[PDB]
>>> print(open('structure_12.cif').read())   # mmCIF, C-alpha atoms and all ligand atoms
data_query
loop_
_atom_site.group_PDB
_atom_site.id
_atom_site.type_symbol
_atom_site.label_atom_id
_atom_site.label_comp_id
_atom_site.auth_asym_id
_atom_site.auth_seq_id
_atom_site.Cartn_x
_atom_site.Cartn_y
_atom_site.Cartn_z
ATOM 1 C CA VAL B 19 159.357 140.879 104.945
ATOM 2 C CA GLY B 20 159.432 138.313 107.734
ATOM 3 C CA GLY B 21 156.282 139.469 109.402
ATOM 4 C CA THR B 22 154.426 137.208 111.875
ATOM 5 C CA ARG B 23 153.489 133.867 110.246
ATOM 6 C CA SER B 24 149.813 132.849 110.124
ATOM 7 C CA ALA B 25 148.765 129.543 111.709
ATOM 8 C CA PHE B 26 146.224 129.174 108.875
ATOM 9 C CA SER B 27 148.653 129.090 105.938
ATOM 10 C CA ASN B 28 151.229 126.325 105.494
ATOM 11 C CA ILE B 29 154.224 126.528 107.831
ATOM 12 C CA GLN B 30 157.223 124.902 106.189
ATOM 13 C CA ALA B 31 158.710 122.350 108.594
ATOM 14 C CA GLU B 32 162.254 123.402 107.580
ATOM 15 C CA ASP B 33 161.480 127.011 108.667
ATOM 16 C CA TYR B 34 162.103 126.314 112.362
ATOM 17 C CA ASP B 35 163.721 128.842 114.688
ATOM 18 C CA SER B 36 165.386 126.373 117.070
ATOM 19 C CA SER B 37 165.617 122.607 117.400
ATOM 20 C CA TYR B 38 166.948 119.578 119.232
ATOM 21 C CA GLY B 39 168.234 117.002 116.778
ATOM 22 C CA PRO B 40 171.925 116.233 116.288
ATOM 23 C CA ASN B 41 171.271 114.250 113.097
ATOM 24 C CA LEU B 42 168.182 116.149 111.815
ATOM 25 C CA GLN B 43 168.585 117.332 108.225
ATOM 26 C CA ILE B 44 166.796 119.592 105.777
ATOM 27 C CA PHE B 45 166.712 118.178 102.244
ATOM 28 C CA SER B 46 165.130 118.864 98.876
ATOM 29 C CA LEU B 47 162.012 117.023 97.681
ATOM 30 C CA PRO B 48 161.643 115.895 94.046
ATOM 31 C CA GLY B 49 158.320 117.609 93.607
ATOM 32 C CA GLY B 50 159.513 120.931 94.954
ATOM 33 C CA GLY B 51 160.400 122.443 98.317
ATOM 34 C CA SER B 52 162.129 120.778 101.239
ATOM 35 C CA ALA B 53 161.456 118.580 104.260
ATOM 36 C CA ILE B 54 162.989 117.777 107.619
ATOM 37 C CA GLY B 55 164.032 114.235 108.329
ATOM 38 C CA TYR B 56 166.678 111.921 109.823
ATOM 39 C CA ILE B 57 164.574 112.337 112.955
ATOM 40 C CA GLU B 58 164.816 110.239 116.106
ATOM 41 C CA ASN B 59 162.817 109.841 119.336
ATOM 42 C CA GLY B 60 163.055 113.004 121.398
ATOM 43 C CA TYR B 61 163.952 115.383 118.566
ATOM 44 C CA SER B 62 161.986 118.613 118.267
ATOM 45 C CA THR B 63 161.605 121.722 116.146
ATOM 46 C CA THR B 64 160.334 125.078 117.405
ATOM 47 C CA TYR B 65 158.409 127.652 115.348
ATOM 48 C CA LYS B 66 158.275 131.067 117.002
ATOM 49 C CA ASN B 67 155.562 133.650 116.801
ATOM 50 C CA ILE B 68 152.814 131.783 114.986
ATOM 51 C CA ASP B 69 149.622 133.875 114.826
ATOM 52 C CA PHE B 70 146.561 131.796 115.693
ATOM 53 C CA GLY B 71 144.331 134.884 115.762
ATOM 54 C CA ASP B 72 141.286 134.116 117.748
ATOM 55 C CA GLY B 73 141.844 130.324 117.661
ATOM 56 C CA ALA B 74 142.472 126.998 115.899
ATOM 57 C CA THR B 75 141.414 123.507 117.002
ATOM 58 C CA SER B 76 142.926 121.271 114.278
ATOM 59 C CA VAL B 77 146.314 120.642 112.700
ATOM 60 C CA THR B 78 147.253 118.936 109.423
ATOM 61 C CA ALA B 79 150.791 117.832 108.580
ATOM 62 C CA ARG B 80 152.211 116.599 105.270
ATOM 63 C CA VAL B 81 154.423 113.700 106.300
ATOM 64 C CA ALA B 82 156.155 110.517 105.155
ATOM 65 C CA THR B 83 157.205 107.443 107.175
ATOM 66 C CA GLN B 84 157.480 103.653 107.036
ATOM 67 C CA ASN B 85 156.346 102.836 110.575
ATOM 68 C CA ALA B 86 153.681 104.266 112.851
ATOM 69 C CA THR B 87 154.785 107.187 114.937
ATOM 70 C CA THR B 88 153.477 110.326 116.642
ATOM 71 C CA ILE B 89 154.194 114.041 116.517
ATOM 72 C CA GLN B 90 153.268 115.992 119.660
ATOM 73 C CA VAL B 91 152.267 119.624 119.212
ATOM 74 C CA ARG B 92 153.322 121.571 122.285
ATOM 75 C CA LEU B 93 153.205 125.181 123.500
ATOM 76 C CA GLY B 94 156.428 127.077 123.978
ATOM 77 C CA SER B 95 158.951 124.338 124.661
ATOM 78 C CA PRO B 96 159.425 120.606 124.128
ATOM 79 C CA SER B 97 158.163 120.046 127.696
ATOM 80 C CA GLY B 98 155.366 122.615 127.449
ATOM 81 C CA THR B 99 151.629 122.133 127.392
ATOM 82 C CA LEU B 100 150.534 119.308 125.072
ATOM 83 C CA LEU B 101 148.061 120.781 122.560
ATOM 84 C CA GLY B 102 147.490 117.541 120.640
ATOM 85 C CA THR B 103 149.117 114.498 119.069
ATOM 86 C CA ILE B 104 149.308 113.685 115.374
ATOM 87 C CA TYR B 105 149.191 109.960 114.679
ATOM 88 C CA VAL B 106 151.285 109.186 111.637
ATOM 89 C CA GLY B 107 150.692 105.771 110.212
ATOM 90 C CA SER B 108 152.905 104.419 107.433
ATOM 91 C CA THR B 109 152.832 106.173 104.084
ATOM 92 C CA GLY B 110 154.662 103.166 102.620
ATOM 93 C CA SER B 111 157.891 105.081 101.932
ATOM 94 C CA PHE B 112 159.940 107.968 103.270
ATOM 95 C CA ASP B 113 159.389 109.496 99.809
ATOM 96 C CA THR B 114 155.568 109.222 99.798
ATOM 97 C CA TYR B 115 153.947 112.173 101.539
ATOM 98 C CA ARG B 116 150.357 112.208 102.791
ATOM 99 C CA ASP B 117 148.291 114.558 104.911
ATOM 100 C CA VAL B 118 147.329 113.550 108.443
ATOM 101 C CA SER B 119 145.263 115.579 110.896
ATOM 102 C CA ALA B 120 144.560 115.816 114.621
ATOM 103 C CA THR B 121 142.511 117.870 117.019
ATOM 104 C CA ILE B 122 144.292 120.331 119.259
ATOM 105 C CA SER B 123 143.142 122.276 122.271
ATOM 106 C CA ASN B 124 141.984 125.746 121.225
ATOM 107 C CA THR B 125 145.142 127.831 120.635
ATOM 108 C CA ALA B 126 144.905 131.628 120.078
ATOM 109 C CA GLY B 127 147.154 134.684 119.875
ATOM 110 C CA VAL B 128 150.766 134.628 118.887
ATOM 111 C CA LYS B 129 152.364 131.488 120.204
ATOM 112 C CA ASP B 130 155.570 129.499 119.922
ATOM 113 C CA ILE B 131 154.770 125.968 118.654
ATOM 114 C CA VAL B 132 156.968 122.913 119.141
ATOM 115 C CA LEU B 133 156.812 119.631 117.264
ATOM 116 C CA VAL B 134 158.171 116.740 119.359
ATOM 117 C CA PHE B 135 158.979 113.547 117.505
ATOM 118 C CA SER B 136 158.644 110.027 118.851
ATOM 119 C CA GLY B 137 160.436 108.311 115.954
ATOM 120 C CA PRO B 138 161.460 108.573 112.303
ATOM 121 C CA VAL B 139 159.214 110.731 110.108
ATOM 122 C CA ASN B 140 159.778 113.311 107.372
ATOM 123 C CA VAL B 141 157.769 116.526 107.534
ATOM 124 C CA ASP B 142 157.165 118.912 104.606
ATOM 125 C CA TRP B 143 154.743 121.414 106.186
ATOM 126 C CA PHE B 144 151.946 121.762 108.717
ATOM 127 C CA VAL B 145 148.933 124.077 109.052
ATOM 128 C CA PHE B 146 146.139 124.827 111.490
ATOM 129 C CA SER B 147 142.408 125.361 111.100
ATOM 130 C CA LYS B 148 139.149 125.631 113.068
ATOM 131 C CA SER B 149 137.528 122.197 113.227
HETATM 132 O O1 LIG B 201 160.999 132.114 109.711
HETATM 133 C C1 LIG B 201 161.540 131.873 111.015
HETATM 134 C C2 LIG B 201 162.961 132.398 111.163
HETATM 135 O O2 LIG B 201 163.835 131.513 110.474
HETATM 136 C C3 LIG B 201 165.178 131.856 110.655
HETATM 137 O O3 LIG B 201 165.972 130.853 110.014
HETATM 138 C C4 LIG B 201 166.307 129.722 110.797
HETATM 139 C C5 LIG B 201 167.738 129.844 111.287
HETATM 140 O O4 LIG B 201 167.848 130.843 112.279
HETATM 141 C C6 LIG B 201 168.255 128.513 111.812
HETATM 142 O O5 LIG B 201 169.629 128.626 112.014
HETATM 143 O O6 LIG B 201 168.055 127.469 110.869
HETATM 144 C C7 LIG B 201 166.722 127.236 110.519
HETATM 145 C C8 LIG B 201 166.679 126.040 109.602
HETATM 146 O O7 LIG B 201 167.366 126.358 108.412
HETATM 147 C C9 LIG B 201 166.119 128.495 109.903
HETATM 148 O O8 LIG B 201 164.768 128.296 109.619
HETATM 149 C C10 LIG B 201 165.463 133.241 110.083
HETATM 150 O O9 LIG B 201 166.813 133.584 110.217
HETATM 151 C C11 LIG B 201 164.574 134.262 110.773
HETATM 152 O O10 LIG B 201 164.833 135.527 110.156
HETATM 153 C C12 LIG B 201 163.122 133.825 110.647
HETATM 154 O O11 LIG B 201 162.308 134.692 111.435
HETATM 155 O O1 LIG B 202 166.408 106.526 103.281
HETATM 156 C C1 LIG B 202 166.073 107.886 103.563
HETATM 157 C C2 LIG B 202 165.394 107.980 104.895
HETATM 158 O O2 LIG B 202 166.189 107.353 105.945
HETATM 159 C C3 LIG B 202 165.536 107.286 107.208
HETATM 160 O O3 LIG B 202 166.272 106.662 108.267
HETATM 161 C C4 LIG B 202 166.103 105.262 108.355
HETATM 162 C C5 LIG B 202 166.005 104.916 109.806
HETATM 163 O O4 LIG B 202 164.713 105.450 109.994
HETATM 164 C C6 LIG B 202 166.094 103.390 109.938
HETATM 165 O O5 LIG B 202 166.082 103.027 111.291
HETATM 166 O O6 LIG B 202 167.312 102.922 109.344
HETATM 167 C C7 LIG B 202 167.254 103.035 107.928
HETATM 168 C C8 LIG B 202 168.492 102.396 107.308
HETATM 169 O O7 LIG B 202 169.508 103.354 107.113
HETATM 170 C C9 LIG B 202 167.190 104.521 107.612
HETATM 171 O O8 LIG B 202 166.920 104.686 106.232
HETATM 172 C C10 LIG B 202 165.382 108.692 107.670
HETATM 173 O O9 LIG B 202 164.643 108.687 108.894
HETATM 174 C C11 LIG B 202 164.536 109.437 106.672
HETATM 175 O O10 LIG B 202 164.419 110.763 107.140
HETATM 176 C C12 LIG B 202 165.111 109.414 105.278
HETATM 177 O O11 LIG B 202 164.103 109.927 104.425
HETATM 178 CA CA CA B 203 158.579 122.071 103.276
#
>>> encode(input="structure_12.cif", output="structure tokens")
Amino acid sequence: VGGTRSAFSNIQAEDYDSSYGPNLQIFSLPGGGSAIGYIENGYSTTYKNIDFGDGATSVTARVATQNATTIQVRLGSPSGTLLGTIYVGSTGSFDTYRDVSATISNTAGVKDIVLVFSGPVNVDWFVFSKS
């Protein structure tokens, strides 16, 4: 139990190890599971010890928002190397979740991953893959 999490299976956004976000909340979704939300510019969540194996070059996140925003994917810390940026257009509602993807620089081994938020968005989960 609680072995190293794979980059290639969904990582629940509420399963962060550390964060910056005084108003950030975890809440239940109608369809099952939970999301993070009540996010503001400059908030972040950190996911320790994610096993990328011998590499991933894409990320997909299941997200909801009413206004275009971005989610930076960074290595180690909120000011660490920028791996890529997910562009999150409106999903019409904070309750309507859709999958959005972005390229990242090749990331391998066991790494700490940080999501850095530029504005309001709700996140259910995210996952990596080889493009
Ligand atoms: O799976 C990652 C780790 O998650 C830890 O739980 C986090 C808490 O430490 C923190 O206080 O809150 C967040 C949000 O609820 C939790 O995800 C576990 O305690 C670890 O055992 C686990 O490795
Ligand atoms: O209504 C639930 C959602 O509320 C969102 O916050 C909104 C802010 O983004 C906006 O600036 O103000 C309105 C008015 O209160 C807020 O609803 C949260 O960001 C979402 O996480 C939440 O799902
Ligand atoms: Ca979730």
>>> residues_near_ligand(input="structure_12.cif", ligand="ligand LIG 202 (chain B)", cutoff="6 Å", atoms="only C-alpha atoms and all ligand atoms", output="list in words")
residues 55, 56, 57, 112, 138, 139 and 140 of chain B
>>> axis_aligned_box(input="structure_12.cif", around="stretch 127-134 of chain B", padding_each_side="8 Å", output="AutoDock Vina command-line options")
--center_x 152.7 --center_y 125.7 --center_z 118.7 --size_x 27.0 --size_y 33.9 --size_z 18.9
>>> residues_around(input="structure_12.cif", residues="residue B:83", least_positions_apart="5", cutoff="12 Å", atoms="all atoms listed in the file", output="PDB file with C-alpha atoms, in the frame of the given file")
ATOM      1  CA  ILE B  54     162.989 117.777 107.619  1.00  0.00           C
ATOM      2  CA  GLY B  55     164.032 114.235 108.329  1.00  0.00           C
ATOM      3  CA  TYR B  56     166.678 111.921 109.823  1.00  0.00           C
ATOM      4  CA  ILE B  57     164.574 112.337 112.955  1.00  0.00           C
ATOM      5  CA  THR B  88     153.477 110.326 116.642  1.00  0.00           C
ATOM      6  CA  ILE B  89     154.194 114.041 116.517  1.00  0.00           C
ATOM      7  CA  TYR B 105     149.191 109.960 114.679  1.00  0.00           C
ATOM      8  CA  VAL B 106     151.285 109.186 111.637  1.00  0.00           C
ATOM      9  CA  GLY B 107     150.692 105.771 110.212  1.00  0.00           C
ATOM     10  CA  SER B 108     152.905 104.419 107.433  1.00  0.00           C
ATOM     11  CA  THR B 109     152.832 106.173 104.084  1.00  0.00           C
ATOM     12  CA  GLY B 110     154.662 103.166 102.620  1.00  0.00           C
ATOM     13  CA  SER B 111     157.891 105.081 101.932  1.00  0.00           C
ATOM     14  CA  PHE B 112     159.940 107.968 103.270  1.00  0.00           C
ATOM     15  CA  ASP B 113     159.389 109.496  99.809  1.00  0.00           C
ATOM     16  CA  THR B 114     155.568 109.222  99.798  1.00  0.00           C
ATOM     17  CA  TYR B 115     153.947 112.173 101.539  1.00  0.00           C
ATOM     18  CA  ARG B 116     150.357 112.208 102.791  1.00  0.00           C
ATOM     19  CA  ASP B 117     148.291 114.558 104.911  1.00  0.00           C
ATOM     20  CA  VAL B 118     147.329 113.550 108.443  1.00  0.00           C
ATOM     21  CA  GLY B 137     160.436 108.311 115.954  1.00  0.00           C
ATOM     22  CA  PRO B 138     161.460 108.573 112.303  1.00  0.00           C
ATOM     23  CA  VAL B 139     159.214 110.731 110.108  1.00  0.00           C
ATOM     24  CA  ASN B 140     159.778 113.311 107.372  1.00  0.00           C
ATOM     25  CA  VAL B 141     157.769 116.526 107.534  1.00  0.00           C
ATOM     26  CA  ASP B 142     157.165 118.912 104.606  1.00  0.00           C
TER      27      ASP B 142
END
>>> closest_residue(input="structure_12.cif", among="B:126, B:47, B:42, B:86", to="ligand CA 203 (chain B)", atoms="all atoms listed in the file")
B:47
>>> closest_residue(input="structure_12.cif", among="B:97, B:36, B:28, B:78", to="residue B:65", atoms="all atoms listed in the file")
B:36
>>> resolve_selection(input="structure_12.cif", expression="the PyMOL selection byres (((not hetatm)) within 12 of (chain B and resi 201))", output="VMD selection string")
chain B and resid 19 to 24 29 to 39 42 to 45 52 to 54 63 to 68 130 to 131
>>> write_last_selection(input="structure_12.cif", atoms="C-alpha atoms", output="mmCIF file, keeping the file's coordinate frame")
data_model
loop_
_atom_site.group_PDB
_atom_site.id
_atom_site.type_symbol
_atom_site.label_atom_id
_atom_site.label_comp_id
_atom_site.auth_asym_id
_atom_site.auth_seq_id
_atom_site.Cartn_x
_atom_site.Cartn_y
_atom_site.Cartn_z
ATOM 1 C CA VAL B 19 159.357 140.879 104.945
ATOM 2 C CA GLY B 20 159.432 138.313 107.734
ATOM 3 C CA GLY B 21 156.282 139.469 109.402
ATOM 4 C CA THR B 22 154.426 137.208 111.875
ATOM 5 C CA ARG B 23 153.489 133.867 110.246
ATOM 6 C CA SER B 24 149.813 132.849 110.124
ATOM 7 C CA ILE B 29 154.224 126.528 107.831
ATOM 8 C CA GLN B 30 157.223 124.902 106.189
ATOM 9 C CA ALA B 31 158.710 122.350 108.594
ATOM 10 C CA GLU B 32 162.254 123.402 107.580
ATOM 11 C CA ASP B 33 161.480 127.011 108.667
ATOM 12 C CA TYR B 34 162.103 126.314 112.362
ATOM 13 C CA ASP B 35 163.721 128.842 114.688
ATOM 14 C CA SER B 36 165.386 126.373 117.070
ATOM 15 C CA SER B 37 165.617 122.607 117.400
ATOM 16 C CA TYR B 38 166.948 119.578 119.232
ATOM 17 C CA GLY B 39 168.234 117.002 116.778
ATOM 18 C CA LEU B 42 168.182 116.149 111.815
ATOM 19 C CA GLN B 43 168.585 117.332 108.225
ATOM 20 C CA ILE B 44 166.796 119.592 105.777
ATOM 21 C CA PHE B 45 166.712 118.178 102.244
ATOM 22 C CA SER B 52 162.129 120.778 101.239
ATOM 23 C CA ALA B 53 161.456 118.580 104.260
ATOM 24 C CA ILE B 54 162.989 117.777 107.619
ATOM 25 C CA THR B 63 161.605 121.722 116.146
ATOM 26 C CA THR B 64 160.334 125.078 117.405
ATOM 27 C CA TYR B 65 158.409 127.652 115.348
ATOM 28 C CA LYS B 66 158.275 131.067 117.002
ATOM 29 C CA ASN B 67 155.562 133.650 116.801
ATOM 30 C CA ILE B 68 152.814 131.783 114.986
ATOM 31 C CA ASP B 130 155.570 129.499 119.922
ATOM 32 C CA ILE B 131 154.770 125.968 118.654
#
>>> closest_residue(input="structure_12.cif", among="B:128, B:25, B:79, B:93", to="ligand CA 203 (chain B)", atoms="all atoms listed in the file")
B:79
>>> closest_residue(input="structure_12.cif", among="B:95, B:60, B:129, B:145", to="ligand CA 203 (chain B)", atoms="only C-alpha atoms and all ligand atoms")
B:145
>>> atom_distance(input="structure_12.cif", atom1="atom CA of residue B:71", atom2="atom CA of residue B:127")
5.0 Å
>>> atom_distance(input="structure_12.cif", atom1="atom CA of residue B:143", atom2="atom CA of ligand CA 203 (chain B)")
4.9 Å
>>> atom_distance(input="structure_12.cif", atom1="atom CA of residue B:74", atom2="atom CA of residue B:91")
12.7 Å
>>> closest_residue(input="structure_12.cif", among="B:149, B:62, B:144, B:135", to="residue B:27", atoms="only C-alpha atoms")
B:144
>>> closest_residue(input="structure_12.cif", among="B:59, B:90, B:85, B:103", to="residue B:136", atoms="all atoms listed in the file")
B:59
>>> resolve_selection(input="structure_12.cif", expression="the PyMOL selection byres (((chain B and resi 102) around 8) and not hetatm)", output="ChimeraX atom specification")
/B:90-92,100-101,103-104,120-123
>>> write_last_selection(input="structure_12.cif", atoms="C-alpha atoms", output="mmCIF file, in the frame of the given file")
data_model
loop_
_atom_site.group_PDB
_atom_site.id
_atom_site.type_symbol
_atom_site.label_atom_id
_atom_site.label_comp_id
_atom_site.auth_asym_id
_atom_site.auth_seq_id
_atom_site.Cartn_x
_atom_site.Cartn_y
_atom_site.Cartn_z
ATOM 1 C CA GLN B 90 153.268 115.992 119.660
ATOM 2 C CA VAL B 91 152.267 119.624 119.212
ATOM 3 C CA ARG B 92 153.322 121.571 122.285
ATOM 4 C CA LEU B 100 150.534 119.308 125.072
ATOM 5 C CA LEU B 101 148.061 120.781 122.560
ATOM 6 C CA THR B 103 149.117 114.498 119.069
ATOM 7 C CA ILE B 104 149.308 113.685 115.374
ATOM 8 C CA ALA B 120 144.560 115.816 114.621
ATOM 9 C CA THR B 121 142.511 117.870 117.019
ATOM 10 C CA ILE B 122 144.292 120.331 119.259
ATOM 11 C CA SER B 123 143.142 122.276 122.271
#
>>> decode(input="structure_12.cif", residues="stretch 41-73 of chain B", atoms="N, CA and C atoms", output="PDB file, in the first residue's frame")
ATOM      1  N   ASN B  41      -7.351  29.258  -0.038  1.00  0.00           N
ATOM      2  CA  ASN B  41      -8.751  28.998  -0.213  1.00  0.00           C
ATOM      3  C   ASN B  41      -9.034  27.716  -1.016  1.00  0.00           C
ATOM      4  N   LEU B  42      -8.001  26.989  -1.432  1.00  0.00           N
ATOM      5  CA  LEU B  42      -8.188  25.780  -2.241  1.00  0.00           C
ATOM      6  C   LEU B  42      -8.928  24.745  -1.461  1.00  0.00           C
ATOM      7  N   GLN B  43      -9.942  24.131  -2.061  1.00  0.00           N
ATOM      8  CA  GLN B  43     -10.745  23.084  -1.438  1.00  0.00           C
ATOM      9  C   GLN B  43     -10.783  21.820  -2.285  1.00  0.00           C
ATOM     10  N   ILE B  44     -10.936  20.708  -1.573  1.00  0.00           N
ATOM     11  CA  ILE B  44     -11.300  19.413  -2.154  1.00  0.00           C
ATOM     12  C   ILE B  44     -12.792  19.243  -1.964  1.00  0.00           C
ATOM     13  N   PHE B  45     -13.503  18.786  -2.989  1.00  0.00           N
ATOM     14  CA  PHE B  45     -14.942  18.579  -2.878  1.00  0.00           C
ATOM     15  C   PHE B  45     -15.377  17.406  -3.741  1.00  0.00           C
ATOM     16  N   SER B  46     -16.531  16.856  -3.375  1.00  0.00           N
ATOM     17  CA  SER B  46     -17.080  15.698  -4.081  1.00  0.00           C
ATOM     18  C   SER B  46     -17.732  16.102  -5.390  1.00  0.00           C
ATOM     19  N   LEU B  47     -17.584  15.251  -6.404  1.00  0.00           N
ATOM     20  CA  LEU B  47     -18.236  15.396  -7.701  1.00  0.00           C
ATOM     21  C   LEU B  47     -19.502  14.545  -7.755  1.00  0.00           C
ATOM     22  N   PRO B  48     -20.514  14.980  -8.468  1.00  0.00           N
ATOM     23  CA  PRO B  48     -21.760  14.189  -8.568  1.00  0.00           C
ATOM     24  C   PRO B  48     -21.571  12.829  -9.136  1.00  0.00           C
ATOM     25  N   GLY B  49     -20.675  12.696 -10.123  1.00  0.00           N
ATOM     26  CA  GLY B  49     -20.519  11.484 -10.873  1.00  0.00           C
ATOM     27  C   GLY B  49     -19.578  10.520 -10.230  1.00  0.00           C
ATOM     28  N   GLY B  50     -19.034  10.865  -9.066  1.00  0.00           N
ATOM     29  CA  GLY B  50     -18.066  10.060  -8.376  1.00  0.00           C
ATOM     30  C   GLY B  50     -16.738  10.780  -8.218  1.00  0.00           C
ATOM     31  N   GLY B  51     -16.019  10.442  -7.141  1.00  0.00           N
ATOM     32  CA  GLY B  51     -14.710  11.005  -6.884  1.00  0.00           C
ATOM     33  C   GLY B  51     -14.784  12.464  -6.449  1.00  0.00           C
ATOM     34  N   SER B  52     -13.634  13.114  -6.491  1.00  0.00           N
ATOM     35  CA  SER B  52     -13.454  14.452  -5.965  1.00  0.00           C
ATOM     36  C   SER B  52     -12.607  15.261  -6.926  1.00  0.00           C
ATOM     37  N   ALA B  53     -12.630  16.581  -6.724  1.00  0.00           N
ATOM     38  CA  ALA B  53     -11.802  17.531  -7.450  1.00  0.00           C
ATOM     39  C   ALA B  53     -11.215  18.552  -6.484  1.00  0.00           C
ATOM     40  N   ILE B  54     -10.184  19.243  -6.965  1.00  0.00           N
ATOM     41  CA  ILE B  54      -9.717  20.480  -6.340  1.00  0.00           C
ATOM     42  C   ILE B  54     -10.304  21.674  -7.084  1.00  0.00           C
ATOM     43  N   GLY B  55     -10.558  22.721  -6.310  1.00  0.00           N
ATOM     44  CA  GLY B  55     -11.069  23.949  -6.867  1.00  0.00           C
ATOM     45  C   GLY B  55     -10.959  25.093  -5.856  1.00  0.00           C
ATOM     46  N   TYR B  56     -11.721  26.166  -6.125  1.00  0.00           N
ATOM     47  CA  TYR B  56     -11.547  27.447  -5.411  1.00  0.00           C
ATOM     48  C   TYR B  56     -10.099  27.922  -5.527  1.00  0.00           C
ATOM     49  N   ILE B  57      -9.570  27.734  -6.732  1.00  0.00           N
ATOM     50  CA  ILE B  57      -8.205  28.077  -7.097  1.00  0.00           C
ATOM     51  C   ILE B  57      -8.094  29.507  -7.589  1.00  0.00           C
ATOM     52  N   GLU B  58      -6.941  30.120  -7.314  1.00  0.00           N
ATOM     53  CA  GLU B  58      -6.612  31.466  -7.706  1.00  0.00           C
ATOM     54  C   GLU B  58      -5.242  31.493  -8.356  1.00  0.00           C
ATOM     55  N   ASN B  59      -4.927  32.602  -9.044  1.00  0.00           N
ATOM     56  CA  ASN B  59      -3.603  32.812  -9.636  1.00  0.00           C
ATOM     57  C   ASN B  59      -2.544  32.620  -8.582  1.00  0.00           C
ATOM     58  N   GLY B  60      -1.534  31.813  -8.919  1.00  0.00           N
ATOM     59  CA  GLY B  60      -0.398  31.564  -8.061  1.00  0.00           C
ATOM     60  C   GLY B  60      -0.527  30.373  -7.128  1.00  0.00           C
ATOM     61  N   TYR B  61      -1.696  29.754  -7.065  1.00  0.00           N
ATOM     62  CA  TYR B  61      -1.856  28.525  -6.295  1.00  0.00           C
ATOM     63  C   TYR B  61      -1.073  27.407  -6.989  1.00  0.00           C
ATOM     64  N   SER B  62      -0.747  26.390  -6.183  1.00  0.00           N
ATOM     65  CA  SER B  62      -0.088  25.196  -6.732  1.00  0.00           C
ATOM     66  C   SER B  62      -0.402  23.991  -5.860  1.00  0.00           C
ATOM     67  N   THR B  63      -0.264  22.819  -6.499  1.00  0.00           N
ATOM     68  CA  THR B  63      -0.294  21.533  -5.808  1.00  0.00           C
ATOM     69  C   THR B  63       0.895  20.714  -6.271  1.00  0.00           C
ATOM     70  N   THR B  64       1.480  19.982  -5.320  1.00  0.00           N
ATOM     71  CA  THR B  64       2.685  19.185  -5.536  1.00  0.00           C
ATOM     72  C   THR B  64       2.381  17.708  -5.300  1.00  0.00           C
ATOM     73  N   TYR B  65       2.869  16.870  -6.226  1.00  0.00           N
ATOM     74  CA  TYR B  65       2.642  15.434  -6.238  1.00  0.00           C
ATOM     75  C   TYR B  65       4.020  14.780  -6.210  1.00  0.00           C
ATOM     76  N   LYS B  66       4.384  14.199  -5.083  1.00  0.00           N
ATOM     77  CA  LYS B  66       5.713  13.644  -4.902  1.00  0.00           C
ATOM     78  C   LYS B  66       5.837  12.272  -5.507  1.00  0.00           C
ATOM     79  N   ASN B  67       7.048  11.984  -5.971  1.00  0.00           N
ATOM     80  CA  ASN B  67       7.429  10.609  -6.285  1.00  0.00           C
ATOM     81  C   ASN B  67       6.531   9.973  -7.334  1.00  0.00           C
ATOM     82  N   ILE B  68       6.369  10.649  -8.456  1.00  0.00           N
ATOM     83  CA  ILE B  68       5.650  10.122  -9.591  1.00  0.00           C
ATOM     84  C   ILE B  68       6.621   9.404 -10.509  1.00  0.00           C
ATOM     85  N   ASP B  69       6.335   8.153 -10.843  1.00  0.00           N
ATOM     86  CA  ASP B  69       7.277   7.321 -11.616  1.00  0.00           C
ATOM     87  C   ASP B  69       6.970   7.428 -13.105  1.00  0.00           C
ATOM     88  N   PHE B  70       7.812   8.168 -13.819  1.00  0.00           N
ATOM     89  CA  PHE B  70       7.734   8.328 -15.251  1.00  0.00           C
ATOM     90  C   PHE B  70       8.462   7.227 -16.002  1.00  0.00           C
ATOM     91  N   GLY B  71       9.119   6.292 -15.316  1.00  0.00           N
ATOM     92  CA  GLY B  71       9.806   5.215 -15.981  1.00  0.00           C
ATOM     93  C   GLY B  71      10.854   5.847 -16.855  1.00  0.00           C
ATOM     94  N   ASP B  72      10.809   5.368 -18.062  1.00  0.00           N
ATOM     95  CA  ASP B  72      11.834   5.817 -19.036  1.00  0.00           C
ATOM     96  C   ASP B  72      11.310   6.991 -19.927  1.00  0.00           C
ATOM     97  N   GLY B  73      10.163   7.594 -19.578  1.00  0.00           N
ATOM     98  CA  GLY B  73       9.803   8.884 -20.119  1.00  0.00           C
ATOM     99  C   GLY B  73       8.368   9.075 -20.583  1.00  0.00           C
TER     100      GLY B  73
END
